[PDB]
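Structure file data.pdb with PDB, C-alpha atoms (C1' of nucleotides):
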ATOM      1  CA  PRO B   1     -45.259  -3.222 -10.046  1.00  0.00           C
ATOM      2  CA  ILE B   2     -43.473  -1.705 -13.027  1.00  0.00           C
ATOM      3  CA  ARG B   3     -44.631   1.899 -12.445  1.00  0.00           C
ATOM      4  CA  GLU B   4     -43.316   2.115  -8.864  1.00  0.00           C
ATOM      5  CA  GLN B   5     -40.001   0.528  -9.854  1.00  0.00           C
ATOM      6  CA  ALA B   6     -39.784   3.111 -12.663  1.00  0.00           C
ATOM      7  CA  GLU B   7     -40.454   5.973 -10.224  1.00  0.00           C
ATOM      8  CA  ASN B   8     -37.784   4.657  -7.893  1.00  0.00           C
ATOM      9  CA  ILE B   9     -35.323   4.084 -10.721  1.00  0.00           C
ATOM     10  CA  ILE B  10     -36.011   7.762 -11.447  1.00  0.00           C
ATOM     11  CA  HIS B  11     -35.310   8.390  -7.747  1.00  0.00           C
ATOM     12  CA  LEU B  12     -31.913   6.754  -8.096  1.00  0.00           C
ATOM     13  CA  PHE B  13     -30.671   9.267 -10.696  1.00  0.00           C
ATOM     14  CA  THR B  14     -29.881  11.962  -8.102  1.00  0.00           C
ATOM     15  CA  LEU B  15     -26.846   9.873  -7.145  1.00  0.00           C
ATOM     16  CA  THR B  16     -25.546  10.369 -10.688  1.00  0.00           C
ATOM     17  CA  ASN B  17     -26.514  14.022 -10.815  1.00  0.00           C
ATOM     18  CA  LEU B  18     -23.889  16.680 -11.414  1.00  0.00           C
ATOM     19  CA  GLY B  19     -22.635  18.508  -8.352  1.00  0.00           C
ATOM     20  CA  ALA B  20     -22.984  18.092  -4.606  1.00  0.00           C
ATOM     21  CA  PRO B  21     -24.029  14.671  -3.298  1.00  0.00           C
ATOM     22  CA  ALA B  22     -27.337  14.656  -1.479  1.00  0.00           C
ATOM     23  CA  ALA B  23     -29.366  11.937   0.176  1.00  0.00           C
ATOM     24  CA  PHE B  24     -32.447  10.271  -1.352  1.00  0.00           C
ATOM     25  CA  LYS B  25     -34.511   7.090  -1.042  1.00  0.00           C
ATOM     26  CA  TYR B  26     -35.370   4.084  -3.179  1.00  0.00           C
ATOM     27  CA  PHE B  27     -38.407   2.649  -1.378  1.00  0.00           C
ATOM     28  CA  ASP B  28     -37.771   2.732   2.342  1.00  0.00           C
ATOM     29  CA  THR B  29     -33.991   2.413   1.913  1.00  0.00           C
ATOM     30  CA  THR B  30     -32.618   5.834   2.818  1.00  0.00           C
ATOM     31  CA  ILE B  31     -29.655   6.344   0.488  1.00  0.00           C
ATOM     32  CA  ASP B  32     -27.388   8.912   2.138  1.00  0.00           C
ATOM     33  CA  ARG B  33     -24.843  11.155   0.446  1.00  0.00           C
ATOM     34  CA  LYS B  34     -21.288  10.084  -0.341  1.00  0.00           C
ATOM     35  CA  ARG B  35     -19.109  12.980   0.730  1.00  0.00           C
ATOM     36  CA  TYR B  36     -15.460  13.140  -0.333  1.00  0.00           C
ATOM     37  CA  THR B  37     -13.772  13.915   2.959  1.00  0.00           C
ATOM     38  CA  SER B  38     -10.206  13.895   1.574  1.00  0.00           C
ATOM     39  CA  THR B  39      -8.777  16.192  -1.115  1.00  0.00           C
ATOM     40  CA  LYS B  40      -5.342  14.576  -1.485  1.00  0.00           C
ATOM     41  CA  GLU B  41      -6.006  12.967  -4.881  1.00  0.00           C
ATOM     42  CA  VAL B  42      -6.748  16.330  -6.542  1.00  0.00           C
ATOM     43  CA  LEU B  43      -3.115  17.476  -5.991  1.00  0.00           C
ATOM     44  CA  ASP B  44      -1.861  15.201  -8.806  1.00  0.00           C
ATOM     45  CA  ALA B  45      -4.955  15.322 -11.021  1.00  0.00           C
ATOM     46  CA  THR B  46      -5.511  17.486 -14.113  1.00  0.00           C
ATOM     47  CA  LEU B  47      -6.329  21.151 -13.544  1.00  0.00           C
ATOM     48  CA  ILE B  48      -8.896  22.350 -16.034  1.00  0.00           C
ATOM     49  CA  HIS B  49      -8.711  26.120 -16.334  1.00  0.00           C
ATOM     50  CA  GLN B  50     -11.997  26.947 -17.948  1.00  0.00           C
ATOM     51  CA  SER B  51     -13.849  29.281 -20.372  1.00  0.00           C
ATOM     52  CA  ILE B  52     -18.652  29.883 -20.840  1.00  0.00           C
ATOM     53  CA  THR B  53     -19.632  27.200 -23.418  1.00  0.00           C
ATOM     54  CA  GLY B  54     -17.044  24.546 -22.477  1.00  0.00           C
ATOM     55  CA  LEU B  55     -15.570  24.590 -25.979  1.00  0.00           C
ATOM     56  CA  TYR B  56     -12.175  26.165 -25.167  1.00  0.00           C
ATOM     57  CA  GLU B  57     -10.605  23.680 -22.778  1.00  0.00           C
ATOM     58  CA  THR B  58      -7.213  24.490 -21.234  1.00  0.00           C
ATOM     59  CA  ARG B  59      -5.771  21.524 -19.330  1.00  0.00           C
ATOM     60  CA  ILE B  60      -2.979  21.568 -16.719  1.00  0.00           C
ATOM     61  CA  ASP B  61      -1.236  18.404 -15.508  1.00  0.00           C
ATOM     62  CA  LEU B  62      -0.762  19.071 -11.775  1.00  0.00           C
ATOM     63  CA  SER B  63       2.765  17.687 -11.558  1.00  0.00           C
ATOM     64  CA  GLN B  64       5.013  20.613 -10.635  1.00  0.00           C
TER      65      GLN B  64
ATOM     66  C1'  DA T   1     -65.624  21.168 -29.403  1.00  0.00           C
ATOM     67  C1'  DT T   2     -59.187  21.030 -23.000  1.00  0.00           C
ATOM     68  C1'  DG T   3     -56.774  20.500 -19.466  1.00  0.00           C
ATOM     69  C1'  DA T   4     -49.976  19.817 -19.017  1.00  0.00           C
ATOM     70  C1'  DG T   5     -46.240  22.622 -18.426  1.00  0.00           C
ATOM     71  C1'  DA T   6     -42.562  25.184 -13.245  1.00  0.00           C
ATOM     72  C1'  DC T   7     -39.560  19.268  -7.875  1.00  0.00           C
ATOM     73  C1'  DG T   8     -34.749  19.279  -0.706  1.00  0.00           C
ATOM     74  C1'  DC T   9     -28.979  22.025   4.211  1.00  0.00           C
ATOM     75  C1'  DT T  10     -24.881  21.083   3.092  1.00  0.00           C
ATOM     76  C1'  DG T  11     -20.757  21.926   4.598  1.00  0.00           C
ATOM     77  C1'  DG T  12     -18.386  22.127   8.362  1.00  0.00           C
ATOM     78  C1'  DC T  13     -17.643  20.656  12.327  1.00  0.00           C
ATOM     79  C1'  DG T  14     -16.973  16.744  16.014  1.00  0.00           C
ATOM     80  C1'  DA T  15     -16.660  12.418  16.818  1.00  0.00           C
ATOM     81  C1'  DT T  16     -16.692   8.290  16.015  1.00  0.00           C
ATOM     82  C1'  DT T  17     -14.833   4.110  13.840  1.00  0.00           C
ATOM     83  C1'  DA T  18     -10.817   2.044  11.648  1.00  0.00           C
ATOM     84  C1'  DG T  19      -6.095   0.791  11.033  1.00  0.00           C
ATOM     85  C1'  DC T  20      -0.727   0.816  10.076  1.00  0.00           C
ATOM     86  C1'  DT T  21       4.524   1.032   8.973  1.00  0.00           C
ATOM     87  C1'  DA T  22       8.550   2.622  10.550  1.00  0.00           C
ATOM     88  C1'  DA T  23      12.966   4.056  13.199  1.00  0.00           C
ATOM     89  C1'  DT T  24      16.318   2.299  17.199  1.00  0.00           C
ATOM     90  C1'  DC T  25      18.529  -0.687  19.294  1.00  0.00           C
ATOM     91  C1'  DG T  26      19.885  -4.910  21.275  1.00  0.00           C
ATOM     92  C1'  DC T  27      20.903 -10.004  21.009  1.00  0.00           C
ATOM     93  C1'  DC T  28      22.717 -13.305  19.487  1.00  0.00           C
ATOM     94  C1'  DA T  29      23.924 -16.648  16.773  1.00  0.00           C
ATOM     95  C1'  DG T  30      25.143 -25.678  17.603  1.00  0.00           C
ATOM     96  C1'  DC T  31      29.304 -27.486  19.209  1.00  0.00           C
ATOM     97  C1'  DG T  32      32.404 -31.318  21.721  1.00  0.00           C
ATOM     98  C1'  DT T  33      35.852 -34.964  20.795  1.00  0.00           C
ATOM     99  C1'  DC T  34      38.648 -39.091  18.933  1.00  0.00           C
ATOM    100  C1'  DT T  35      40.319 -42.828  15.646  1.00  0.00           C
ATOM    101  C1'  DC T  36      42.035 -44.285  11.031  1.00  0.00           C
ATOM    102  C1'  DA T  37      44.369 -43.712   6.737  1.00  0.00           C
ATOM    103  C1'  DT T  38      45.246 -40.498   2.588  1.00  0.00           C
ATOM    104  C1'  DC T  39      47.833 -37.242  -0.229  1.00  0.00           C
ATOM    105  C1'  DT T  40      50.019 -32.692  -1.085  1.00  0.00           C
ATOM    106  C1'  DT T  41      52.903 -28.189   0.014  1.00  0.00           C
ATOM    107  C1'  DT T  42      56.347 -25.149   2.473  1.00  0.00           C
ATOM    108  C1'  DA T  43      61.651 -23.440   5.519  1.00  0.00           C
ATOM    109  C1'  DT T  44      66.721 -25.193   5.098  1.00  0.00           C
ATOM    110  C1'  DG T  45      70.338 -28.243   3.046  1.00  0.00           C
ATOM    111  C1'  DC T  46      73.050 -30.548  -3.888  1.00  0.00           C
ATOM    112  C1'  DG T  47      73.804 -30.173  -9.806  1.00  0.00           C
ATOM    113  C1'  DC T  48      75.195 -25.946 -16.168  1.00  0.00           C
ATOM    114  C1'  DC T  49      73.098 -26.930 -20.639  1.00  0.00           C
TER     115       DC T  49
END
As a first step, turn the structure in this file into structure tokens.
Amino acid sequence: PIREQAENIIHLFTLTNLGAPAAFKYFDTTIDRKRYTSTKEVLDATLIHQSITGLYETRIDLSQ
DNA sequence: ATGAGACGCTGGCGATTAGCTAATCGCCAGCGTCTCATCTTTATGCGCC
């Protein structure tokens, strides 16, 4: 039914939530958390030194 | 002429689970012949505008 599928579509949003990844379920399908076990890709990413309203963005290209 | 709005351990381990070039050196390399002819070219030796 449509209602249950809506509730479980709602359940799926925690995967797209901001922040730490935590587990959840869709019906009986336990959907675990996707942890990022390697931090090598950050080393050549873009450092974002930040400000309280997110209006004043200062960006640093981590290539030095 | 009342009954909604306020939703979790995760990070830091082990310990699986999975998977990959690279640096060093050594080995070891298809080869055998003949015939036949064919042309060149070189060393030396001989001549004045």
Check every residue of chain T for an atom within 10 Å of chain B, counting only C-alpha atoms (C1' of nucleotides), and provide those that qualify as a PyMOL selection string. chain T and resi 8-11
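Residue membership of the PyMOL selection byres ((chain B and resi 14) around 12) in the shown file amounts to residues 8, 9, 10, 11, 12, 13, 15, 16, 17, 18, 19, 20, 21, 22, 23, 24, 25, 26, 31, 32, 33 and 34 of chain B; 8 of chain T.
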Extending 4 Å beyond the listed atoms of region 10-17 of chain T on each side, what axis-aligned box results? I want centre and edge lengths in Å to one decimal, as JSON.
{"center_x": -19.9, "center_y": 13.1, "center_z": 10.0, "size_x": 18.0, "size_y": 26.0, "size_z": 21.7}
Could you tell me which residues the PyMOL selection byres ((chain B and resi 46) around 12) returns for this structure, as a PyMOL selection string? chain B and resi 41-45+47-49+57-64
Would you work out the distance separating CA of residue 29 (chain B) from CA of residue 5 (chain B), expressed in Å to one decimal? 13.3 Å
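Taking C1' of residue 4 (chain T) and CA of residue 3 (chain B) as the two end points, the separation is 19.8 Å.
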Grab the CA of residue 4 (chain B) to CA of residue 30 (chain B) distance for me, in Å with one decimal place. 16.3 Å
